[PDB]
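A note on names: the letters A, B, ... follow the listed sequences, proteins ahead of strands, and every chain is numbered from 1. Heavy atoms only: backbone and side chains are in, while hydrogens, waters and symmetry mates are out.
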Amino acid sequence: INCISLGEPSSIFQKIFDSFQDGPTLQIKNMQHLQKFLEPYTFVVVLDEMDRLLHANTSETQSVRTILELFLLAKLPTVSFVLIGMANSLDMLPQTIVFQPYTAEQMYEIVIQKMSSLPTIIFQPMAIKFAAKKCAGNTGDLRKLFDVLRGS
Amino acid sequence: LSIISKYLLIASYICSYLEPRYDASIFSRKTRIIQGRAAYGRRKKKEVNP
Amino acid sequence: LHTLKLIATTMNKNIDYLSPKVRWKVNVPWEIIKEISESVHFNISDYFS
Amino acid sequence: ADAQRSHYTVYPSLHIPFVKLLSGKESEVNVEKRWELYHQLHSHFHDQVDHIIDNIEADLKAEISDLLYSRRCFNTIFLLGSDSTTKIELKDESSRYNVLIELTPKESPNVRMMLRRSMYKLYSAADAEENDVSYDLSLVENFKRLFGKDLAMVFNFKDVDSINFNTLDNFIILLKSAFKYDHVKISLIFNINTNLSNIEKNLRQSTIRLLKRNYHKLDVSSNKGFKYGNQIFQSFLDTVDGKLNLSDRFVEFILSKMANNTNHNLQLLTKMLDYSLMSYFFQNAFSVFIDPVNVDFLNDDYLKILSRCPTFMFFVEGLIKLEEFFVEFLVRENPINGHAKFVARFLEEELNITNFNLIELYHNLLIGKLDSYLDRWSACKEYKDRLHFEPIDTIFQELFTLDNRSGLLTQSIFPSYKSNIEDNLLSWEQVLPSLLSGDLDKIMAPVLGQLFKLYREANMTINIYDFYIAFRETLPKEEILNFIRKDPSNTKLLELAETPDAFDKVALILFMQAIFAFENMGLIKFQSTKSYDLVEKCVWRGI
Amino acid sequence: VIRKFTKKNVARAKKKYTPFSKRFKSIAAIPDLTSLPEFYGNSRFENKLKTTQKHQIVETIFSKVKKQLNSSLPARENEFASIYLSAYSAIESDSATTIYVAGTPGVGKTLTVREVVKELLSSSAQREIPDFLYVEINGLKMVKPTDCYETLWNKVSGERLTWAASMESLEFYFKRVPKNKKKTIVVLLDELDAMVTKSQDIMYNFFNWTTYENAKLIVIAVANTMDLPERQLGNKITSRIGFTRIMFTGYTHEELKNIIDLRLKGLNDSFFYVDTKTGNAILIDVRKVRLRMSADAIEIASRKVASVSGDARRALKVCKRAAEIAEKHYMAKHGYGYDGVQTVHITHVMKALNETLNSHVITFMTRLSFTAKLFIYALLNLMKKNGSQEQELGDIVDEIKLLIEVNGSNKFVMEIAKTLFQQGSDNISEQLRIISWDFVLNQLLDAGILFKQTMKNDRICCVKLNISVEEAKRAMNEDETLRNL
DNA sequence: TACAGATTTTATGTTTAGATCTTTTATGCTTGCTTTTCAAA
DNA sequence: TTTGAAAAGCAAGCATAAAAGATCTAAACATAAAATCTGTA
Ligand SMILES: Nc1ncnc2c1ncn2[C@@H]1O[C@H](COP(=O)(O)OP(=O)(O)OP(=O)(O)O)[C@@H](O)[C@H]1O
Ligand SMILES: [Mg+2]
């Protein structure tokens with residue numbers, strides 16, 4: 001579930017139900033209903049853009065209301081729920097995994113592996129390494145390197 | 001109002017209209033085993049009628 | 001006394017009584033507290049002399 | 001973990017609370033019969049108490065109605081000493097509509113909302129008794145054009161002392177504009193908790209002149225003339241008549257605690273009497289013997305615990321200078337309650353005296369100072385010899401007596417709450433019992449109680465590091481590390497204990513957990529929003 | 001039932017709530033949407049505003065010049081080539097892409113994008129590229145910012161849905177529908193800063209659909225500012241928009257000349273049959289009249305506009321205003337009505353340029369009454385006395401009283417003191433404010449010369465100059481009386 | 001299918017409860033000088 | 001009976017907490033037309 005294409009954050013539990021439902025349609029407005037639906041059964045939900053679950057203008061404690069419910073039910077006994085939440089650090093207990101920004105050698109590897117399907121590589125390789133070195137750094141965004149080579 | 005409520009109101013009026021650093025110069029009436037001096041009080045009275 | 005509005009706080013709505021940052025004041029006139037002090041025969045006017 | 005949740009429901013896995021007395025040698029049927037005796041006495045008390053509650057609510061409704069129904073002004077009623085829980089019902093006027101509009105201070109944030117709630121209530125009630133309109137005072141103007149009959153509005157302002165008097169004044173002046181309509185009658189009811197002058201100093205002088213044209217004061221409090229507290233105390237005395245005695249110290253405790261509550265006296269009196277009845281029937285083994293059926297179930301423990309009476313002490317000392325004797329003295333009635341009934345009836349009927357407290361009268365009759373209590377009236381000088389009673393002393397009265405010597409009523413109903421917290425924290429021997437960590441328990445105090453003594457001897461602003469240094473000096477460095485090395489199954493603890501600053505680190509951890517425990521309790525506060533370097537003490541012992 | 005309030009003016013559109021993901025039983029059941037009658041677009045009011053003339057109106061020689069200079073591409077060729085190459089490569093490879101374009105007003109962004117998509121539609125008409133659907137969404141022409149969701153889906157499917165259902169439908173259409181059942185869509189997002197809400201969900205969704213593999217979507221985003229994503233957008237949206245951004249610079253004066261002379265190709269240095277009875281001119285009693293615009297007049301207009309903004313609208317409006325001034329001078333001397341050689345030379349262009357640049361503010365305070373100027377003079381004196389840029393109104397009252405009572409030897413003050421404090425009556429008592437005190441205060445507030453604070457105490461309420469102090473003193477020095485004292 | 005009623009969805013208005021920021025005013029710290037009771041002679 | 005001397009009192013200046021309120025927002029409360037869902041028929 002991409003969480004930006006959602007009306008309110010508090011409907012995410014309902015959004016978890018509509019993925020896993022054939023059947024009856026229940027009203028889920030809290031953690032408790034989704035818990036008691038998932039108690040008599042495993043279930044893996046990938047939540048892209050976790051930052052959209054934050055409630056704006058509602059003080060520091062009550063802003064993280066839905067995320068505490070999700071990450072608390074994600075650890076509760078005798079329920080079967082794995083919750084994978086990806087987010088972005090520049091725009092914002094569970095196990096934390098960090099995707100570090102790409103380096104120039106990794107960008108070279110990605111670029112030649114993507115260009116492998118073509119009959120030939122139209123770039124010189126010092127050009128690709130220069131583009132990778134000029135695009136990497138504290139913001140190793142692969143989109144920027146793709147844009148630079150496309151603009152070339 | 002009761003006996004406690006009237007005296008609580010009286011004490012609230014005293015707290016609101018007297019400065020706290022003159023408190024030990026008025027109500028302090030217990031004797032001492034350790035050496036010590038109470039507050040002397042106001043050296044000159046103000047003319048503002050608080 | 002806080003319910004009867006004879007004592008007020010700085011906060012008037014959503015006031016928590018238990019915070020140490022909450023201060024207290026009397027709101028009665030001098031004549032009302034004089035009537036109260038003379039109803040229990042307390043001599044409050046000595047304290048302002 | 002549900003302890004990290006805000007709220008959670010539990011469905012747990014799965015015959016009287018009365019316990020076995022006489023050092024665990026009571027009969028089981030004595031316990032059950034005590035339970036039924038408490039139930040019948042408690043029921044006999046509360047039937048009278050709820051009848052009295054119904055009577056006071058009905059009389060107040062009748063008196064308010066007689067004031068409300070007895071030209072171009074309000075009919076104003078000031079209910080002095082009102083707690084705003086009185087139901088007001090109106091009369092059903094032929095070819096007129098009568099509506100009651102209730103307004104709390106929460107429903108009164110400004111004049112607009114006050115008028116809008118009043119007109120919604122008026123329109124809803126009128127259409128309920130008989131198209132949308134705008135909820136303003138033109139509905140009052142066009143009332144007879146829609147509904148065909150005239151209007152009587154009774155405004156009941158609850159908690160005026162809590163209302164904004166500017167908003168109330170503007171709402172009254174707004175309602176004054178409705179006097180220009182021939183079909184409108186407006187009554188105002190002001191429930192006042194303190195007095196009339198405190199609210200006349202808060203309104204405008206023009207508003208006072210407006211309200212003075214047709215107004216009635218009516219002083220109706222719970223503690224008015226003792227007509228209702230004496231009825232509840234008489235109901236209790238009729239309940240415990242012929243079985244139980246009231247000590248004079250218990251009655252003076254009732255008087256002292258009733259003097260400290262003004263708005264809610266009768267619930268406090270019922271609560272105190274109920275808890276004393278509970279304590280007697282839970283504690284005393286002779287509660288079975290308050291009725292003459294159970295005279296055939298006395299044993300050696302009963303004779304052991306009835307022989308230790310100071311009245312029995314004086315009686316056998318006078319006889320010098322058992323079961324049959326104990327059974328023989330149940331037939332007596334102790335007519336002090338009947339004498340108090342007769343004195344109250346005489347004072348209410350023959351002498352036309354209603355302002356008296358039966359609890360004070362019973363207290364003076366128990367002491368033996370009924371004449372000195374009656375001296376306040378200067379009308380019983382001719383009848384003091386008729387109205388006087390000598391207090392008869394009854395053998396074995398201590399085993400049938402409601403009293404407070406143990407401090408049980410004081411600890412249960414009106415405790416010195418903060419003083420108990422302070423006394424426990426300073427002492428802690430009277431809380432923690434004396435008996436792995438046995439070597440450290442003899443030397444080191446509990447951390448909160450140890451820190452509280454340094455708190456007590458420190459000044460009003462304490463430096464937190466010097467407070468820590470003093471707490472570190474109070475602790476022994478050898479035995480603390482010995483007790484932390486006594487467990488060999490904790491590898492990180494054994495690693496930390498061999499480091500030379502382990503005593504300081506352990507002392508700091510215990511000190512900081514105690515410091516934020518004190519912060520949550522409210523003993524200390526921090527003099528910043530970002531610093532943690534000086535604390536202020538907020539609590540002094542003995543206050 | 002009795003209602004607490006009423007909503008008697010609710011007008012609700014007929015839009016369904018069911019999204020496109022539920023329209024078919026499965027992904028494999030979705031047909032070819034290109035072969036669907038209502039998909040991809042496969043003017044009912046234009047007869048309302050017509051009437052019969054019943055008159056033959058006069059079109060003078062300058063009228064054709066003024067119609068040729070209206071806003072309704074010699075200088076945009078590199079930007080055209082870049083936008084065209086990116087959109088062409090994205091169309092004929094079935095790729096999804098974002099082309100970002102920014103610029104100051106009137107530099108030809110919308111015109112270049114529209115000509116690019118016109119030439120692309122001409123290319124797809126002759127089967128050089130696959131056929132696509134062109135959609136325009138202008139963020140300033142939406143009532144609600146979510147209505148773009150309603151618009152684009154209605155342009156794609158023909159359905160009328162509500163906005164959350166429309167955006168769910170668009171998400172399903174771009175993400176899940178296969179490419180062989182779809183068509184390419186080119187979306188022009190004009191006035192992108194108007195599509196920025198508090199939560200940037202619309203911007204994220206529109207630029208995140210372009211990062212979907214199946215979408216076949218090209219978004220041309222037109223913005224005011226080069227660094228609008230860096231100023232107002234999150235890092236995810238700034239990453240999705242891209243690093244390659246196209247700047248539309250303001251025009252130089254040679255290009256503004258090229259634009260203006262492209263507007264004046266068919267009538268500049270040309271002859272007209274003028275018909276001097278009425279002045280109604282016909283392009284080839286009646287005279288053959290040459291019409292010209294001075295090349296140096298276009299030079300100075302283009303140079304001034306190119307230095308100030310580079311706006312093509314501003315240059316065209318300057319030349320049109322010059323033609324209007326020349327036409328007014330022409331019709332004044334003949335009385336032609338509306339029913340040799342005439343030249344739009346340098347001075348008409350200079351009068352058109354300077355009429356936007358001369359300030360009425362000093363001219364406005366020059367022609368005020370004595371009491372308003374006395375207010376301004378006292379405010380300036382208080383501002384120089386206590387150094388504050390904010391003065392209490394009671395101080396201004398006392399300063400006006402002091403200036404009247406100190407300069408009591410001035411003849412004008414002698415003549416005007418009785419008017420100012422008694423309205424010349426000797427039946428009106430002496431007043432604490434001057435006559436027209438509240439009038440001139442409110443007048444200076446409506447003009448925007450003054451700012452006043454919202455306090456109900458009149459004496460301690462403060463007043464500020466909203467205009468320059470140098471302009472105020474230059475206005476105050478023009479008066480004969482106030483420059484003396 | 002098929003129509004009538006029930007429920008939901010989307011949409012907007014009404015009122016209360018609370019957060020955030022800003023400006024003005026109390027409050028306490030620091031330091032130097034002056035009054036006043038007090039432990040000792 | 002005195003006597004210096006330290007505890008206590010007062011003022012100027014300034015940094016800073018707190019109060020009051022201006023401005024705004026979320027959420028509870030409230031209504032309502034169109035779409036959608038049952039649900040027998
Ligand atoms: N290169 C050009 N050649 C001819 N006319 C031009 C040129 N550029 C602009 N114009 C004229 O100026 C008008 C304004 O151009 P356009 O609408 O494209 O501006 P824009 O850059 O989108 O500005 P804005 O940000 O104000 O929307 C055009 O309608 C056209 O009449
Ligand atoms: Mg444009």
Chemist: Is there a side-chain contact between A:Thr58 and the phosphate of G:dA26, meaning an N or O under 4.0 Å from OP1 or OP2?
Modeler: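 Looking at the OP1 and OP2 atoms of G:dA26, neither is under 4.0 Å from any side-chain N or O of A:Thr58.
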Chemist: Given atom CZ of E:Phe5 and atom P of G:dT31, what is their separation to the nearest angstrom?
Modeler: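 Value for this atom pair: 6 Å.
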Chemist: Looking at E:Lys14, I'd like to know whether one of its side-chain N or O atoms comes within less than 4.0 Å of OP1 or OP2 on G:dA34.
Modeler: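 Indeed not, no polar side-chain atom of E:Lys14 lies that close.
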Chemist: So, does E:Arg23 use its side chain to make a donor-acceptor pair with the main chain of E:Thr18 at under 3.5 Å?
Modeler: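 Yes, E:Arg23 side chain to E:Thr18 backbone: donor-acceptor pair under 3.5 Å.
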Chemist: Round to the nearest Å and state the distance from B:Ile34 atom CD1 to G:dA7 atom P.
Modeler: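 One finds 15 Å between P of G:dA7 and CD1 of B:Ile34, rounded.
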Chemist: Give one of base, sugar-phosphate or nothing for E:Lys22, where a contact means two heavy atoms less than 4.0 Å apart.
Modeler: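 No contact.
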Chemist: Is the shortest side-chain N/O distance from E:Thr18 to OP1 or OP2 of G:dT36 below 4.0 Å?
Modeler: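 So the side-chain polar atoms of E:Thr18 do come within 4.0 Å of the phosphate oxygens OP1 or OP2 of G:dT36, strictly under.
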Chemist: Indicate yes or no for a side-chain donor-acceptor contact from E:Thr6 to the backbone of E:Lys8 under 3.5 Å, with no hydrogens or angles considered.
Modeler: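 The answer is no, because no donor-acceptor pair under 3.5 Å joins these two groups.
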Chemist: Start at the 5' end of DNA chain G and walk down; is the nucleotide closest to C:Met11 or to B:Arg21 reached first?
Modeler: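 By nearest-heavy-atom nucleotide position, the 5'-most residue is B:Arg21.
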Chemist: On the nucleotide F:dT16, are OP1 or OP2 found under 4.0 Å from the side-chain N or O atoms that D:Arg117 carries?
Modeler: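 For F:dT16, OP1 or OP2 has a side-chain N or O of D:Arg117 closer than 4.0 Å.
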Chemist: Any donor-acceptor pair under 3.5 Å between the side chain of B:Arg43 and the base of F:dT36?
Modeler: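 Result: no qualifying N/O pair found.
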Chemist: Going by an N to O cut-off under 4.0 Å, is there a salt bridge joining B:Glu19 and B:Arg42?
Modeler: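 Not counted as a salt bridge, because no side-chain N and carboxylate O are separated by less than 4.0 Å.
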Chemist: Taking for each residue the nucleotide of DNA chain G bearing the nearest heavy atom, is the 5' side occupied by E:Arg3 or by E:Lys15?
Modeler: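 Its nearest nucleotide being more 5', the pick is E:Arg3.
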Chemist: Is E:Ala11 touching bases, backbone alone, or none of the nucleic acid, heavy atoms closer than 4.0 Å?
Modeler: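 E:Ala11: no heavy atom of the nucleic acid under 4.0 Å.
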Chemist: Grab the CD-P distance between D:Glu107 and F:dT15 for me, whole Å please.
Modeler: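 That distance rounds to 14 Å.
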Chemist: Nearest-nucleotide wise, let me know which of A:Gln27 and C:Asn14 is further upstream toward the 5' end of DNA chain F.
Modeler: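 Taking each residue's closest nucleotide, the earlier one in sequence belongs to A:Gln27.
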Chemist: Counting any heavy atom closer than 4.0 Å, what does A:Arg65 reach on the DNA or RNA strands: base, sugar-phosphate only, or nothing?
Modeler: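 Sugar-phosphate only.
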Chemist: As a test of reading the structure: which of G:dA8, G:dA33, G:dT25 is closest to the side chain of B:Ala39, going by heavy atoms?
Modeler: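 Of G:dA8, G:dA33, G:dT25, G:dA8 is nearest to the side chain of B:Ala39.
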Chemist: If you compare every side-chain N and O of B:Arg37 against the phosphate oxygens of F:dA39 (OP1, OP2), does one of them come in below 4.0 Å?
Modeler: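 For F:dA39, OP1/OP2 do not have a side-chain N/O of B:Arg37 under 4.0 Å.
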Chemist: Here's a test of your reading of the structure: between B:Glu19 and B:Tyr40, which maps to the more 5' nucleotide of DNA chain F?
Modeler: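 Upstream on the strand: B:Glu19.
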Chemist: Any donor-acceptor pair under 3.5 Å linking the side chain of C:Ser49 with the backbone of C:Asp46?
Modeler: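 Side chain of C:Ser49 to backbone of C:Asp46: a pair is present.
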Chemist: From NE2 of A:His55 over to P of G:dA27, roughly how many Å is that when rounded to an integer?
Modeler: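 So the NE2-P distance, A:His55 to G:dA27, works out to 7 Å.
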Chemist: For C:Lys13, which groove has at least one base atom closer than 5.0 angstrom to its side chain?
Modeler: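 The major groove, within 5.0 Å of base atoms there.
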Chemist: Is any side-chain N or O of E:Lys144 closer than 4.0 Å to OP1 or OP2 of F:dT12?
Modeler: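 E:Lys144 to F:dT12 OP1/OP2: side-chain N or O found under 4.0 Å.
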Chemist: May I ask you to verify if any side-chain N or O of C:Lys21 is less than 4.0 angstrom from the OP1 or OP2 atom of G:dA18?
Modeler: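 C:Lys21 to G:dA18 OP1/OP2: side-chain N or O found under 4.0 Å.
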Chemist: Could you check how far NZ of E:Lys7 sits from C1' of F:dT12, rounded to whole Å?
Modeler: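 In whole Å, F:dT12 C1' lies 3 Å from E:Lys7 NZ.
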Chemist: Select base, sugar-phosphate, or nothing to describe what E:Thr6 touches, counting heavy atoms under 4.0 Å on all strands.
Modeler: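 Since only primed, P, OP1 and OP2 atoms lie under 4.0 Å of E:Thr6, the category is sugar-phosphate.
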Chemist: Ignoring the backbone of D:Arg112, work out which of F:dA11, F:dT15, G:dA33 is nearest its side chain.
Modeler: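 Ranking F:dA11, F:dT15, G:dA33 by closest atom to the D:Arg112 side chain puts F:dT15 first.
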Chemist: Donor-acceptor pair, distance only, cut-off 3.5 Å: does the side chain of E:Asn386 make one with the backbone of E:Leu382?
Modeler: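 Yes: the side chain of E:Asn386 pairs with the backbone of E:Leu382.
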Chemist: Distance check needed: F:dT14 P versus E:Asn9 CG, whole Å only.
Modeler: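 Rounded to the whole Å, the gap is 12 Å.
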Chemist: Between G:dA33, F:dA17, F:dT15, which one does the side chain of D:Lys106 approach most closely?
Modeler: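 Of the candidates, F:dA17 comes closest.
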Chemist: Within the structure shown, what part of the strands sits under 4.0 Å from E:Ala13 by heavy-atom distance: base, sugar-phosphate, or nothing?
Modeler: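 Contact class for E:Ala13: sugar-phosphate only.
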Chemist: For a side chain to side chain contact (heavy atoms under 4.5 Å, CB included) with D:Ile515, tell me which candidate from D:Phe467, D:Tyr468, D:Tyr455, D:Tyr532 qualifies.
Modeler: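 Considering D:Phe467, D:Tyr468, D:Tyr455, D:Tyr532, a side chain to side chain contact (heavy atoms under 4.5 Å, CB included) with D:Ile515 is found only for D:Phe467.
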Chemist: Once rounded to the nearest 0.5 Å, what's the spacing between atom OG of D:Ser108 and atom CG of D:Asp159?
Modeler: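 Reported to 0.5 Å precision, the distance equals 10.0 Å.
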Chemist: So if I take every side-chain heavy atom of E:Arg12 and compare against F:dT15, G:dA32, G:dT31, which nucleotide ends up nearest?
Modeler: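 For the E:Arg12 side chain, the nearest candidate turns out to be G:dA32.
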Chemist: Heavy atoms only, 4.0 Å cut-off, all strands: where does B:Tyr22 land among base, sugar-phosphate and nothing?
Modeler: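 Sugar-phosphate: the residue B:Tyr22, judged by heavy atoms under 4.0 Å, touches backbone atoms but no base.
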Chemist: At under 4.0 Å between heavy atoms, what does E:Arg160 touch on the DNA or RNA strands: base, sugar-phosphate, or nothing?
Modeler: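 Nothing: the residue E:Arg160, judged by heavy atoms under 4.0 Å, touches no strand.
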Chemist: Looking only at the side chain of E:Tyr17 (C-beta and beyond, no hydrogens), which of the listed nucleotides F:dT16, G:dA35, G:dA30 gets closest?
Modeler: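 From the listed options, G:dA35 comes nearest.
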Chemist: Roughly how far, to the nearest 0.5 Å, is NZ of A:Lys29 from CD of A:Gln14?
Modeler: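 The distance works out to 7.5 Å.
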Chemist: Any side-chain N or O of E:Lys16 below 4.0 angstrom from OP1/OP2 of G:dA35?
Modeler: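 For E:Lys16, the contact criterion (side-chain N or O under 4.0 Å from OP1 or OP2 of G:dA35) is met.
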Chemist: Rounded off to whole Å, could you give me the CD-to-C1' distance for the E:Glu150 and F:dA11 pair?
Modeler: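 The distance from CD of E:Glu150 to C1' of F:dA11 comes to 11 Å, rounded to the nearest Å.
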Chemist: Can you tell me how far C1' of F:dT27 sits from CG of D:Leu534, to the nearest Å?
Modeler: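 Interatomic distance, CG of D:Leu534 to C1' of F:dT27: 16 Å.
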Chemist: Does E:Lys198 reach a base, just sugar-phosphate, or nothing at all? Heavy atoms under 4.0 Å.
Modeler: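 Sugar-phosphate: the residue E:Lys198, judged by heavy atoms under 4.0 Å, touches backbone atoms but no base.
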